[PDB]
Amino acid sequence: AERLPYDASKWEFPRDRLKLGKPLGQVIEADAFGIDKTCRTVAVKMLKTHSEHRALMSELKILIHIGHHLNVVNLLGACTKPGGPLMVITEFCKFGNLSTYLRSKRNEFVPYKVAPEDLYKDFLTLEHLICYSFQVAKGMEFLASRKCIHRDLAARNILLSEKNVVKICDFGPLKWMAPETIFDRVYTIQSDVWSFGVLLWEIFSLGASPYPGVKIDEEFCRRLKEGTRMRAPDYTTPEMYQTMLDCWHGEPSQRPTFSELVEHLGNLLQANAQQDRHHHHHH
Ligand SMILES: CNC(=O)c1cc(Oc2ccc3oc(Nc4ccc(Cl)c(OC[C@@H]5CCCN5C)c4)nc3c2)ccn1
């Protein structure tokens, strides 16, 4: 990270071209003038210690290194040179974190649509839910391909933009932690797959909190290690629940890879669409 370079000619943005807004270590909303090729709303992560400055600077280098992907919040620029505080600028996703958003659509859900469709205008459907899952998996496939390990994958770190496009971000969580992470402090791509399994449960429970009614203590961890798992959420399909179980396999090397998840979820998305075309056609 630190060894990574920072190409200022390409990424540097003038501090006076920004107008800081309300709060979203701190992430805040702001208006950028000329960030691309005009005033555009952006999100800014800045410090609120040399240690912390190095961390943020390294996050910036890594995002640059990783590159662009539709399902990863896009980096737009940064203010790193002397004269002001260090600021990392990204795209702004208007609908916000997926957990809160799904929570707000609980009275606006139908498994699929049929005529008259306006009965379900802006409703969420199985297609939406599988689609959000498919998107995040592609994003993680992209990051794991580059040896990146998120370490905090959860609904709260997924953002929703225009046209139902979701993006993986990091505002920086025992309930999202793999057994090896809790007990051996081991973080790997495979522990990220475990977390993804919890993310799936969050999406298919429409933003509910994981392990409902369970106290997170010594017994929680013990039983997790021994094989106990959350039960199927209210809006899941049998296949999506099995995928969740596949993601929570006790043996890290037996969990599916993100490439396998992208392939699998894509297949479920297509089967769901075909089913939907028949429901729509017959009624
Ligand atoms: C309503 N809309 C909003 O509220 C809203 C809030 C927003 O907030 C932000 C602001 C700046 C950000 O910068 C990052 N970094 C970041 C993103 C992805 C990865 Cl994989 C990463 O990786 C971090 C590093 C690299 C791999 C493992 N990690 C430890 C770091 N996420 C951010 C989120 C953005 C858009 N809308």
Side-chain angles (χ1 to χ4, degrees), residues 1-4 6 11 13 18 20-32 35-36 40-48 51-80 85-104 135-173 176-178 181 185-196 199 207 258:
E2 182 187 357
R3 296 165 169 179
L4 296 172
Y6 171 64
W11 302 100
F13 194 62
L18 293 170
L20 307 178
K22 70 176 195 295
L24 298 171
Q26 81 203 89
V27 177
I28 58 184
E29 184 182 308
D31 272 301
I35 192 70
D36 57 7
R40 170 177 186 168
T41 299
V42 294
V44 182
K45 178 183 290 191
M46 61 197 275
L47 298 174
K48 179 187 172 170
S51 168
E52 270 149 349
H53 181 89
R54 182 184 295 174
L56 190 45
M57 260 305 284
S58 296
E59 183 182 316
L60 168 62
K61 293 178 181 177
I62 302 183
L63 285 170
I64 291 175
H65 182 61
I66 293 174
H68 168 75
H69 187 280
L70 181 66
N71 299 128
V72 182
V73 76
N74 302 186
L75 171 69
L76 304 178
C79 308
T80 70
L86 170 62
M87 300 181 270
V88 177
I89 312 166
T90 74
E91 55 177 316
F92 180 72
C93 302
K94 59 181 299 182
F95 299 96
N97 87 85
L98 194 50
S99 184
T100 304
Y101 177 82
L102 300 187
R103 192 105 38 64
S104 73
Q135 287 183 64
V136 174
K138 286 195 291 183
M140 288 307 294
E141 171 180 48
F142 176 80
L143 296 172
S145 292
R146 294 166 175 59
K147 298 195 289 184
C148 292
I149 305 167
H150 194 290
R151 294 174 65 108
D152 187 31
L153 188 53
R156 54 179 153 65
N157 275 324
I158 301 303
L159 306 181
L160 176 61
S161 182
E162 314 291 15
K163 287 89 162 296
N164 291 113
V165 175
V166 289
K167 303 168 181 299
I168 297 165
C169 77
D170 187 355
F171 288 87
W176 286 263
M177 290 169 73
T181 309
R185 283 186 77 182
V186 173
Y187 289 78
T188 73
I189 289 178
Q190 291 70 52
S191 58
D192 268 1
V193 173
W194 175 291
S195 295
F196 180 78
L199 165 63
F258 282 118

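Sequential numbering from 1 along the given sequence is applied to the chain's residues. Just so you know, ligand 1 is whichever comes first in the structure, and atom 1 is the first atom listed for that ligand.
The protein heavy-atom contact nearest to atom 32 (C) of ligand 1 is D170 O, 3.8 Å. For atom 19 (C) of ligand 1, the closest non-hydrogen atom on the protein side is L63 CD2, 4.2 Å. In terms of protein heavy atoms, atom 33 (C) of ligand 1 is closest to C169 CB, 3.8 Å. Of all protein heavy atoms, the one lying nearest to atom 5 (C) of ligand 1 is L159 CD1, 3.9 Å. Remark: minimum distance from atom 7 (C) of ligand 1 to any protein heavy atom is reached at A43 CB, 3.6 Å.
For ligand 1, the atoms closer than 4.0 angstrom to any heavy atom of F171 are 6 (C), 8 (O). Numbered from 1 in the order shown, with element, the atoms of ligand 1 that lie under 4.0 Å from a heavy atom of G96 read 1 (C). Using a 4.0 Å cut-off to heavy atoms of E91, the atoms of ligand 1 that qualify are 34 (C), 35 (C). Residue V27 has at least one heavy-atom neighbour below 4.0 Å for each of these atoms of ligand 1: 8 (O), 9 (C), 10 (C).
Under 3.5 Å, the side chains of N97 and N157 contain no donor-acceptor pair of N or O atoms. At a cut-off of 3.5 Å, with distance as the only test, a side-chain donor of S99 or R103 sits close to an acceptor on the other residue.
Looking at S58, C93, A1, it is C93 that brings a heavy atom closest to atom 3 (C) of ligand 1. Across the listed options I89, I62, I149, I149 owns the non-hydrogen atom lying nearest to atom 28 (N) of ligand 1.
Contact analysis leaves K167 out of contact with ligand 1, as no non-hydrogen atom separation drops below 4.0 angstrom. Not close to ligand 1: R151, with no non-hydrogen atom less than 4.0 angstrom away. Contact analysis puts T90 in contact with ligand 1, with a non-hydrogen atom separation below 4.0 angstrom.
Between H150 and ligand 1, no N or O atom pair is found at a separation short of 3.5 Å. Taking distance alone, with nitrogen or oxygen atoms compared against 3.5 Å, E59 approaches ligand 1 more closely than that limit.
The pair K45-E59 meets the salt-bridge criterion, with a side-chain N (NZ, NE, NH1 or NH2) lying under 4.0 Å from an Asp/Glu carboxylate O.
Not a single donor-acceptor pair under 3.5 Å links the side chain of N74 to the backbone N or O of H68. A donor-acceptor contact shorter than 3.5 Å links the side chain of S145 to the backbone of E141. Side-chain N or O atoms of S191 include none that pairs as donor or acceptor with a backbone N or O of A178 at under 3.5 Å. Between the side chain of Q135 and the backbone N or O of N164 there is at least one donor-acceptor pair closer than 3.5 Å.
Taking the six-membered ring for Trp and thresholds of 30 and 60 degrees, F142 and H69 have ring planes inclined between 30 and 60 degrees apart.
Within a 4.0 Å radius of atom 22 (O) of ligand 1, the protein contributes no non-hydrogen atoms. The protein reaches atom 1 (C) of ligand 1 closely, with a heavy atom under 4.0 angstrom from it.
Counting heavy atoms from C-beta outward, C79 and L18 have side chains that approach closer than 4.5 Å. Residues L159 and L98 have side chains not in contact (no heavy-atom distance under 4.5 Å, counting atoms from C-beta outward).
Residue-level proximity to ligand 1 for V44 is absent, since no heavy atom of it falls below 4.0 angstrom. With a heavy-atom cut-off of 4.0 Å, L143 touches ligand 1 through its side chain alone. Only side-chain heavy atoms of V73 come within less than 4.0 Å of ligand 1; its backbone N, CA, C and O stay farther off.
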Next item on the list: May I have the step-by-step check of side-chain contact (heavy atoms from CB on, under 4.5 Å) for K167 and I158, ending in yes or no?
Entry: CA-CA 6 Å; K167 303 168 181 299; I158 301 303; over 6 Å; no
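Other residues, nucleotides and ligands place more than 12 heavy atoms under 6.0 Å from the CZ atom of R146.
For the pair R156 and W176, the cation sits on the ring face: its NZ or CZ lies under 6.0 Å from the ring centre, inside 45° of the axis.
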